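Enquirer: What follows is start18.csv; its format and atoms are CSV, C-alpha atoms.
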```csv
chain,number,residue,atom,x,y,z
G,1,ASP,CA,5.9,-30.0,26.4
G,2,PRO,CA,6.7,-26.2,26.1
G,3,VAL,CA,8.9,-26.5,23.0
G,4,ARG,CA,6.7,-28.1,20.5
G,5,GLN,CA,4.0,-26.0,22.2
G,6,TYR,CA,5.3,-22.7,20.7
G,7,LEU,CA,6.1,-24.8,17.6
G,8,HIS,CA,2.4,-25.3,17.0
G,9,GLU,CA,1.6,-21.9,18.5
G,10,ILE,CA,3.3,-20.0,15.7
G,11,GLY,CA,1.8,-21.9,12.8
G,12,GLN,CA,-1.6,-21.1,14.1
G,13,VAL,CA,-1.6,-18.0,11.9
G,14,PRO,CA,-0.6,-17.6,8.2
G,15,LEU,CA,2.5,-15.5,7.5
G,16,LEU,CA,1.5,-12.9,4.8
G,17,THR,CA,1.4,-11.9,1.1
G,18,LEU,CA,3.2,-8.9,-0.3
G,19,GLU,CA,-0.2,-7.2,-0.4
G,20,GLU,CA,-1.0,-7.9,3.3
G,21,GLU,CA,2.6,-6.9,4.2
G,22,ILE,CA,2.4,-3.4,2.5
G,23,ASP,CA,-1.1,-2.9,3.9
G,24,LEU,CA,0.1,-3.7,7.4
G,25,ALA,CA,2.9,-1.2,7.2
G,26,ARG,CA,0.5,1.2,5.7
G,27,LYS,CA,-2.1,1.3,8.5
G,28,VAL,CA,0.8,1.1,11.0
G,29,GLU,CA,2.6,4.3,9.9
G,30,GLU,CA,-0.7,6.1,9.2
G,31,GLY,CA,-1.7,5.2,12.7
G,32,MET,CA,1.5,6.4,14.3
G,33,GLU,CA,1.5,9.7,12.4
G,34,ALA,CA,-2.1,10.1,13.4
G,35,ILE,CA,-0.8,9.9,16.9
G,36,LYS,CA,1.7,12.6,16.0
G,37,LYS,CA,-1.1,14.9,14.7
G,38,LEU,CA,-3.0,14.0,17.9
G,39,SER,CA,0.0,15.1,19.9
G,40,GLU,CA,-0.5,18.5,18.3
G,41,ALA,CA,-4.2,18.5,19.3
G,42,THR,CA,-4.7,18.7,23.1
G,43,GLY,CA,-1.0,19.4,23.7
G,44,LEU,CA,-0.2,15.8,24.6
G,45,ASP,CA,3.3,14.4,24.2
G,46,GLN,CA,4.5,12.1,21.5
G,47,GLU,CA,4.8,8.9,23.5
G,48,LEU,CA,2.0,9.6,26.0
G,49,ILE,CA,-1.2,8.9,24.1
G,50,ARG,CA,0.7,6.1,22.4
G,51,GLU,CA,1.0,3.9,25.5
G,52,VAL,CA,-2.5,5.2,26.3
G,53,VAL,CA,-3.6,3.5,23.0
G,54,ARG,CA,-2.2,0.3,24.6
G,55,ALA,CA,-4.2,1.2,27.7
G,56,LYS,CA,-7.6,1.0,25.9
G,57,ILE,CA,-6.5,-1.7,23.3
G,58,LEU,CA,-4.2,-4.3,24.8
G,59,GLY,CA,-6.9,-4.9,27.4
G,60,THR,CA,-8.6,-3.6,30.6
G,61,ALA,CA,-6.6,-2.4,33.7
G,62,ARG,CA,-4.5,-5.6,33.5
G,63,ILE,CA,-1.8,-3.8,31.4
G,64,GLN,CA,-0.5,-1.3,34.0
G,65,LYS,CA,-1.9,-3.2,37.1
G,66,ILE,CA,1.4,-5.0,37.9
G,67,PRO,CA,4.5,-3.7,36.1
G,68,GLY,CA,6.4,-3.8,39.4
G,69,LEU,CA,5.3,-1.6,42.3
G,70,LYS,CA,6.5,1.4,40.1
G,71,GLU,CA,6.1,1.9,36.4
G,72,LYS,CA,3.8,4.9,35.7
G,73,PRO,CA,0.6,6.1,37.4
G,74,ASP,CA,-2.6,4.5,35.9
G,75,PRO,CA,-5.4,6.4,37.7
G,76,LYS,CA,-3.5,9.8,37.5
G,77,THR,CA,-1.4,10.1,34.3
G,78,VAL,CA,-3.7,7.8,32.2
G,79,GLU,CA,-7.3,8.1,33.3
G,80,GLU,CA,-7.8,11.9,32.6
G,81,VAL,CA,-6.1,11.5,29.3
G,82,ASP,CA,-8.5,8.7,28.3
G,83,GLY,CA,-11.3,11.3,29.0
G,84,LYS,CA,-9.6,14.4,27.8
G,85,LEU,CA,-9.8,13.6,24.0
G,86,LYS,CA,-13.3,12.1,24.3
G,87,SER,CA,-14.6,15.7,24.3
G,88,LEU,CA,-13.1,16.5,20.9
G,89,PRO,CA,-14.4,17.2,17.4
G,90,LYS,CA,-14.5,14.9,14.4
G,91,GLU,CA,-10.9,15.4,13.2
G,92,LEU,CA,-9.1,14.5,16.5
G,93,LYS,CA,-11.5,11.5,16.9
G,94,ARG,CA,-10.8,10.1,13.4
G,95,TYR,CA,-7.1,10.5,14.2
G,96,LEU,CA,-7.8,8.6,17.4
G,97,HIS,CA,-9.4,5.5,15.8
G,98,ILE,CA,-6.6,5.6,13.1
G,99,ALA,CA,-4.1,5.2,16.0
G,100,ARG,CA,-6.0,2.3,17.4
G,101,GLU,CA,-6.2,0.3,14.2
G,102,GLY,CA,-2.6,1.2,13.4
G,103,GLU,CA,-1.2,-0.2,16.6
G,104,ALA,CA,-3.2,-3.4,16.1
G,105,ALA,CA,-1.7,-3.7,12.7
G,106,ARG,CA,1.8,-3.5,14.3
G,107,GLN,CA,0.8,-6.5,16.4
G,108,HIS,CA,-0.4,-8.8,13.6
G,109,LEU,CA,2.6,-7.9,11.5
G,110,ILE,CA,4.9,-8.8,14.4
G,111,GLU,CA,3.3,-12.3,14.8
G,112,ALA,CA,3.8,-13.3,11.1
G,113,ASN,CA,7.4,-12.2,11.0
G,114,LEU,CA,7.7,-13.9,14.4
Z,1,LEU,CA,-11.2,-16.6,-3.8
Z,2,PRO,CA,-9.2,-17.1,-7.0
Z,3,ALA,CA,-7.6,-14.3,-9.0
Z,4,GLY,CA,-10.1,-12.3,-11.1
Z,5,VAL,CA,-13.4,-13.9,-9.9
Z,6,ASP,CA,-15.9,-11.4,-8.6
Z,7,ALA,CA,-18.3,-11.4,-5.7
Z,8,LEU,CA,-22.0,-11.8,-6.7
Z,9,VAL,CA,-22.8,-10.2,-3.3
Z,10,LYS,CA,-22.4,-6.5,-2.5
Z,11,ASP,CA,-20.0,-5.4,0.2
Z,12,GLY,CA,-21.4,-5.4,3.7
Z,13,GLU,CA,-24.5,-7.4,2.7
Z,14,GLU,CA,-26.0,-10.0,5.0
Z,15,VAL,CA,-25.4,-13.5,3.7
Z,16,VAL,CA,-26.9,-16.9,4.7
Z,17,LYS,CA,-25.9,-20.5,5.3
Z,18,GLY,CA,-24.7,-22.1,2.0
Z,19,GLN,CA,-25.6,-18.9,0.1
Z,20,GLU,CA,-23.5,-18.0,-3.0
Z,21,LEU,CA,-21.1,-15.1,-2.6
Z,22,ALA,CA,-19.3,-16.1,-5.9
Z,23,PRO,CA,-19.4,-19.0,-8.3
Z,24,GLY,CA,-17.7,-21.4,-5.9
Z,25,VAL,CA,-18.0,-19.6,-2.6
Z,26,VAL,CA,-20.2,-21.1,0.1
Z,27,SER,CA,-21.0,-19.3,3.3
Z,28,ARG,CA,-21.9,-21.8,6.0
Z,29,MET,CA,-22.9,-19.2,8.6
Z,30,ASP,CA,-25.4,-16.3,8.9
Z,31,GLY,CA,-23.9,-12.9,9.2
Z,32,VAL,CA,-22.4,-9.8,7.5
Z,33,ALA,CA,-19.4,-10.0,5.2
Z,34,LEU,CA,-16.7,-7.6,4.0
Z,35,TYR,CA,-14.4,-7.3,1.0
Z,36,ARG,CA,-10.7,-8.1,1.6
Z,37,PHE,CA,-8.1,-6.8,-0.8
Z,38,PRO,CA,-10.2,-5.9,-3.8
Z,39,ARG,CA,-8.6,-6.1,-7.3
Z,40,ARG,CA,-11.0,-3.8,-9.2
Z,41,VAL,CA,-13.3,-0.8,-8.8
Z,42,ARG,CA,-15.9,0.4,-11.3
Z,43,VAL,CA,-16.4,4.2,-11.0
Z,44,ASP,CA,-19.5,5.2,-13.0
Z,45,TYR,CA,-19.4,8.9,-13.6
Z,46,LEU,CA,-22.3,11.2,-14.4
Z,47,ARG,CA,-22.3,13.8,-17.2
Z,48,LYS,CA,-24.8,16.6,-17.7
Z,49,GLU,CA,-25.6,18.6,-20.8
Z,50,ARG,CA,-28.2,21.0,-22.2
Z,51,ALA,CA,-29.2,19.8,-25.7
Z,52,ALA,CA,-32.1,20.7,-28.0
Z,53,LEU,CA,-33.7,18.5,-30.7
Z,54,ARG,CA,-36.8,18.3,-32.9
Z,55,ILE,CA,-39.2,15.8,-34.5
Z,56,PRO,CA,-42.9,15.9,-35.8
Z,57,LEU,CA,-45.7,16.3,-33.3
Z,58,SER,CA,-47.2,13.1,-34.8
Z,59,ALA,CA,-44.2,11.5,-33.3
Z,60,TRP,CA,-43.5,13.2,-30.0
Z,61,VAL,CA,-44.4,10.9,-27.0
Z,62,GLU,CA,-45.0,14.0,-24.9
Z,63,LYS,CA,-43.3,13.0,-21.7
Z,64,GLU,CA,-41.2,15.0,-19.1
Z,65,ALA,CA,-39.2,12.3,-17.4
Z,66,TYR,CA,-37.9,9.7,-19.9
Z,67,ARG,CA,-36.6,6.8,-18.0
Z,68,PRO,CA,-33.7,4.6,-19.2
Z,69,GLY,CA,-35.7,3.1,-22.1
Z,70,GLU,CA,-38.9,5.0,-21.8
Z,71,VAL,CA,-40.4,4.8,-25.3
Z,72,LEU,CA,-39.8,8.0,-27.3
Z,73,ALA,CA,-42.2,9.5,-29.9
Z,74,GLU,CA,-44.0,7.7,-32.8
Z,75,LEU,CA,-42.8,9.0,-36.2
Z,76,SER,CA,-45.0,8.0,-39.2
Z,77,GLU,CA,-41.8,7.4,-41.3
Z,78,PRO,CA,-38.0,7.9,-41.4
Z,79,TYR,CA,-38.1,11.7,-40.6
Z,80,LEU,CA,-34.8,13.5,-41.3
Z,81,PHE,CA,-33.3,15.4,-38.3
Z,82,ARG,CA,-32.6,18.6,-40.0
Z,83,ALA,CA,-29.8,21.0,-39.0
Z,84,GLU,CA,-30.8,24.4,-37.6
Z,85,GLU,CA,-27.1,25.6,-37.7
Z,86,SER,CA,-23.8,25.3,-39.5
Z,87,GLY,CA,-20.6,24.0,-37.9
Z,88,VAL,CA,-18.2,21.1,-37.7
Z,89,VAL,CA,-20.0,18.2,-36.0
Z,90,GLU,CA,-19.0,15.9,-33.2
Z,91,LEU,CA,-20.1,12.3,-33.1
Z,92,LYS,CA,-20.1,11.5,-29.4
Z,93,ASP,CA,-22.0,8.3,-29.9
Z,94,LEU,CA,-23.0,6.6,-26.7
Z,95,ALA,CA,-24.4,3.1,-26.6
Z,96,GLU,CA,-27.5,3.1,-28.9
Z,97,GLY,CA,-27.8,6.9,-28.7
Z,98,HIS,CA,-25.6,9.4,-30.5
Z,99,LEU,CA,-24.8,13.0,-29.7
Z,100,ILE,CA,-23.9,15.9,-32.0
Z,101,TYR,CA,-21.9,19.0,-31.1
Z,102,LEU,CA,-22.2,21.9,-33.6
Z,103,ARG,CA,-19.3,24.3,-33.4
Z,104,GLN,CA,-17.8,26.8,-35.9
Z,105,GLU,CA,-14.2,27.6,-35.4
Z,106,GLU,CA,-13.7,26.7,-31.8
Z,107,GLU,CA,-16.9,27.6,-29.8
Z,108,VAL,CA,-20.0,25.4,-30.0
Z,109,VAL,CA,-23.2,26.9,-31.6
Z,110,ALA,CA,-25.4,24.2,-30.1
Z,111,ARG,CA,-25.7,20.5,-29.2
Z,112,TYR,CA,-28.3,18.0,-30.5
Z,113,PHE,CA,-29.6,14.8,-29.0
Z,114,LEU,CA,-30.0,11.6,-31.0
Z,115,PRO,CA,-32.0,8.8,-29.3
Z,116,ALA,CA,-32.0,5.1,-30.2
Z,117,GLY,CA,-32.4,4.3,-33.9
Z,118,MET,CA,-31.5,7.8,-34.9
Z,119,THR,CA,-28.4,7.4,-37.1
Z,120,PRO,CA,-25.6,9.9,-37.9
Z,121,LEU,CA,-25.6,11.1,-41.5
Z,122,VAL,CA,-22.1,12.6,-41.3
Z,123,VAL,CA,-18.8,11.5,-39.8
Z,124,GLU,CA,-17.3,13.7,-37.1
Z,125,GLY,CA,-15.7,16.9,-38.3
Z,126,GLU,CA,-17.6,16.9,-41.6
Z,127,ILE,CA,-19.1,20.3,-42.3
Z,128,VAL,CA,-22.9,20.7,-42.1
Z,129,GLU,CA,-25.2,23.5,-43.1
Z,130,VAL,CA,-28.6,24.8,-41.9
Z,131,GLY,CA,-31.5,22.6,-43.0
Z,132,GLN,CA,-28.8,20.0,-43.8
Z,133,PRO,CA,-29.8,16.4,-43.1
Z,134,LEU,CA,-28.4,15.4,-39.7
Z,135,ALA,CA,-30.0,12.3,-38.4
Z,136,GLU,CA,-32.7,9.7,-39.3
Z,137,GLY,CA,-35.2,8.2,-36.8
Z,138,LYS,CA,-37.7,5.6,-37.7
Z,139,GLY,CA,-40.6,3.9,-35.9
Z,140,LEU,CA,-39.5,3.3,-32.3
Z,141,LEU,CA,-36.7,5.8,-31.9
Z,142,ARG,CA,-36.7,5.5,-28.1
Z,143,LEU,CA,-34.5,6.7,-25.2
Z,144,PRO,CA,-31.2,5.0,-24.3
Z,145,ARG,CA,-31.1,2.4,-21.6
Z,146,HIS,CA,-28.5,4.1,-19.5
Z,147,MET,CA,-29.7,7.7,-19.6
Z,148,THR,CA,-32.3,10.0,-18.1
Z,149,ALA,CA,-34.2,13.0,-19.5
Z,150,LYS,CA,-34.8,15.8,-17.0
Z,151,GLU,CA,-36.8,19.1,-17.6
Z,152,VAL,CA,-38.7,18.7,-20.8
Z,153,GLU,CA,-39.1,21.8,-23.1
Z,154,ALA,CA,-42.0,22.9,-25.3
Z,155,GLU,CA,-41.8,24.7,-28.7
Z,156,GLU,CA,-44.5,24.1,-31.3
Z,157,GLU,CA,-44.1,25.1,-35.0
Z,158,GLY,CA,-46.2,23.5,-37.7
Z,159,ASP,CA,-45.8,19.7,-38.1
Z,160,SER,CA,-42.3,19.4,-36.6
Z,161,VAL,CA,-42.2,20.1,-32.9
Z,162,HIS,CA,-39.1,21.5,-31.1
Z,163,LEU,CA,-38.0,20.4,-27.7
Z,164,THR,CA,-35.0,20.5,-25.4
Z,165,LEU,CA,-33.7,18.4,-22.6
Z,166,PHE,CA,-31.1,18.7,-19.8
Z,167,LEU,CA,-30.6,14.9,-20.1
Z,168,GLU,CA,-27.7,13.6,-18.1
Z,169,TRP,CA,-26.0,10.3,-18.9
Z,170,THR,CA,-23.6,7.9,-17.2
Z,171,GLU,CA,-20.0,7.4,-18.3
Z,172,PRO,CA,-18.6,4.5,-16.3
Z,173,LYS,CA,-14.9,3.6,-16.1
Z,174,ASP,CA,-13.2,1.1,-13.9
Z,175,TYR,CA,-9.7,0.8,-12.4
Z,176,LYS,CA,-7.5,-2.2,-11.6
Z,177,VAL,CA,-5.9,-1.6,-8.2
Z,178,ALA,CA,-2.5,-3.0,-7.3
Z,179,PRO,CA,-0.8,-4.7,-4.3
Z,180,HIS,CA,1.2,-1.6,-3.6
Z,181,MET,CA,-2.1,0.4,-3.5
Z,182,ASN,CA,-5.0,0.7,-1.0
Z,183,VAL,CA,-8.6,2.1,-1.2
Z,184,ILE,CA,-9.3,5.5,0.4
Z,185,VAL,CA,-13.1,5.5,-0.2
Z,186,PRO,CA,-16.0,3.4,1.0
Z,187,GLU,CA,-18.0,1.0,-1.1
Z,188,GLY,CA,-20.9,2.7,-3.0
Z,189,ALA,CA,-19.6,6.1,-2.2
Z,190,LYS,CA,-20.4,9.3,-4.2
Z,191,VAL,CA,-17.1,10.8,-5.3
Z,192,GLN,CA,-16.4,14.6,-5.8
Z,193,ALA,CA,-14.4,16.1,-8.6
Z,194,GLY,CA,-10.8,14.8,-8.3
Z,195,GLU,CA,-11.6,12.7,-5.2
Z,196,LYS,CA,-8.9,10.5,-3.7
Z,197,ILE,CA,-9.7,6.9,-4.7
Z,198,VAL,CA,-6.7,4.7,-4.0
Z,199,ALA,CA,-3.4,5.7,-2.3
Z,200,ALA,CA,-0.4,3.9,-3.8
Z,201,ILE,CA,3.4,3.4,-3.3
Z,202,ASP,CA,4.0,6.5,-5.4
Z,203,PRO,CA,1.5,9.3,-5.0
Z,204,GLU,CA,1.3,9.4,-8.9
Z,205,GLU,CA,0.1,5.7,-9.2
Z,206,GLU,CA,-2.9,6.8,-7.3
Z,207,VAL,CA,-6.4,7.3,-8.7
Z,208,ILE,CA,-8.6,10.4,-8.7
Z,209,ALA,CA,-12.2,11.0,-9.8
Z,210,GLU,CA,-12.3,11.5,-13.6
Z,211,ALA,CA,-15.2,13.9,-13.2
Z,212,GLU,CA,-17.9,12.9,-10.6
Z,213,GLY,CA,-19.6,9.6,-9.9
Z,214,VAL,CA,-20.1,6.4,-7.9
Z,215,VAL,CA,-17.5,3.8,-6.8
Z,216,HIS,CA,-18.3,0.1,-6.8
Z,217,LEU,CA,-15.7,-2.3,-5.4
Z,218,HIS,CA,-15.2,-5.6,-7.2
Z,219,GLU,CA,-12.9,-8.5,-7.6
Z,220,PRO,CA,-12.0,-8.9,-3.9
Z,221,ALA,CA,-9.1,-11.2,-3.2
Z,222,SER,CA,-11.3,-12.8,-0.5
Z,223,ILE,CA,-14.3,-12.0,1.6
Z,224,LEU,CA,-14.8,-12.5,5.4
Z,225,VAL,CA,-18.2,-12.9,7.1
Z,226,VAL,CA,-18.9,-12.7,10.9
```
Using the file provided, produce a representation of the structure as structure tokens.
Expert:
Amino acid sequence: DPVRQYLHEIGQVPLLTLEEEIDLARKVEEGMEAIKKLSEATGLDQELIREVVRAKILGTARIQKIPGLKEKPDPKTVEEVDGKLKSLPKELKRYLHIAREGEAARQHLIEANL
Amino acid sequence: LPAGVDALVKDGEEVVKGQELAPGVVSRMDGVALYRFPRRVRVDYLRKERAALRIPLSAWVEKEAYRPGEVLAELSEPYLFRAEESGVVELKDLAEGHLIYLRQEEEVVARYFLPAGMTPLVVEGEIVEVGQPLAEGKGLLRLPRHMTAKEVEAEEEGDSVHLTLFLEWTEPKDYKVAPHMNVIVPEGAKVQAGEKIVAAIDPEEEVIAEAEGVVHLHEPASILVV
């Protein structure tokens, strides 16, 4: 039964306290703006390294493997980018990890208020 | 974990099956834990100084490094700590030990150190002269339990010996963090002067380092161990 299914699937996680809420939004926005400052780093665009964050977070190649026969090139437009900022000093790297944790925060947030 | 209760375990410390992380908290698995939404932080600052002092040689314990409670001198009877200068005093009294700043007008002429059992003979601001009775030690007169004496000094004149220390104490102060705030510094970190401690809703509600010291996170809202 697919209805009561999601009914028990949502209650599988607590919602949030004001604290947790504000914290979530905190690391979210800090992460995204970290992505901004990162866009100023290697000359990458605003939305580019963002979806790339999803490339190395939301899973393995499964994300862009089948978004239709055309969405956006994985081995070309993504791969090199994944390796282009790996060569970079402490500042750009800390901004990187900030991006990661931030997007994850977005997710958790979403589920509660889901 | 209930509001206000602290964690008897330090942050990021391996805990064991059934082991106590708090009065009522039981960890049923082996692994490392972490603080989650702490409600307090104790920042213990350090303060230096260069201060002279004197007491008979039949007293002086004759040590360089005086540990927090390392026994100080001997002192046949209640020797009077005698002022070598005139100026308004400052009673800085800290735990068992007292400190006295001698300044005329504004500028300080000199600062004197008063270990345990050495009592102030004048309230702060009250004028003192040279040779004027300043303190009284008796018997024990040992070093404070939170302080440390670095770089001993040697000056010998008659019965009463003169000596100076760079002794640097600790001035701890805590802060109660709020839901609209978040910690910017790691547990057990060594802060700089005016270091960012906790970022808040308003940039003003934040906390900086009073002078310089160590941050200890406490009263976590809960603790998670993997």
Enquirer: Any idea what the distance is between CA of residue 136 in chain Z and CA of residue 122 in chain Z?
Expert: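 The value is 11.2 Å.
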Enquirer: What is the distance, in Å and to one decimal place, between CA of residue 208 in chain Z and CA of residue 170 in chain Z?
Expert: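 The value is 17.4 Å.
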Enquirer: Distance cut-off 10 Å, counting only C-alpha atoms - which residues of chain G neighbour chain Z? Return them as a list in words.
Expert: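 Here is what falls inside 10 Å: residues 17, 18, 19, 20, 21, 22, 23, 26 and 27 of chain G.
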Enquirer: Do you know which residues are at most 8 Å from range 36-50 of chain G counting all atoms listed in the file, after dropping those on the same chain fewer than 4 positions away, and could you put them as a list in words?
Expert: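 With the cut-off at 8 Å, the set is residues 32, 54, 81, 85, 92, 95 and 96 of chain G.
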Enquirer: Set the distance at 6 Å and use only C-alpha atoms: which residues neighbour range 43-54 of chain Z once local chain neighbours fewer than 3 positions away are removed? I'd like the list as a ChimeraX atom specification.
Expert: /Z:111-113,161-166,168-174,212-215
Enquirer: Rounded to one decimal, what separation in Å do you get between CA of residue 79 in chain Z and CA of residue 157 in chain Z?
Expert: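 Between CA of residue 79 in chain Z and CA of residue 157 in chain Z the gap is 15.7 Å.
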Enquirer: So which residues touch residue 61 in chain G within 12 Å, counting all atoms listed in the file, skipping near sequence neighbours fewer than 6 positions away, as a PDB file with C-alpha atoms, in the frame of the given file?
Expert:
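Generated file (out_6.pdb):
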```
ATOM      1  CA  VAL G  52      -2.500   5.200  26.300  1.00  0.00           C
ATOM      2  CA  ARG G  54      -2.200   0.300  24.600  1.00  0.00           C
ATOM      3  CA  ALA G  55      -4.200   1.200  27.700  1.00  0.00           C
ATOM      4  CA  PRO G  67       4.500  -3.700  36.100  1.00  0.00           C
ATOM      5  CA  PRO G  73       0.600   6.100  37.400  1.00  0.00           C
ATOM      6  CA  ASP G  74      -2.600   4.500  35.900  1.00  0.00           C
ATOM      7  CA  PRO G  75      -5.400   6.400  37.700  1.00  0.00           C
ATOM      8  CA  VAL G  78      -3.700   7.800  32.200  1.00  0.00           C
ATOM      9  CA  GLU G  79      -7.300   8.100  33.300  1.00  0.00           C
TER      10      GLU G  79
END
```
Enquirer: Just checking: using all atoms listed in the file, which residue out of Z:30, Z:96, Z:77, Z:205 ends up closest to residue 177 in chain Z?
Expert: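 Going through Z:30, Z:96, Z:77, Z:205 one by one, the smallest distance to residue 177 in chain Z is for Z:205.
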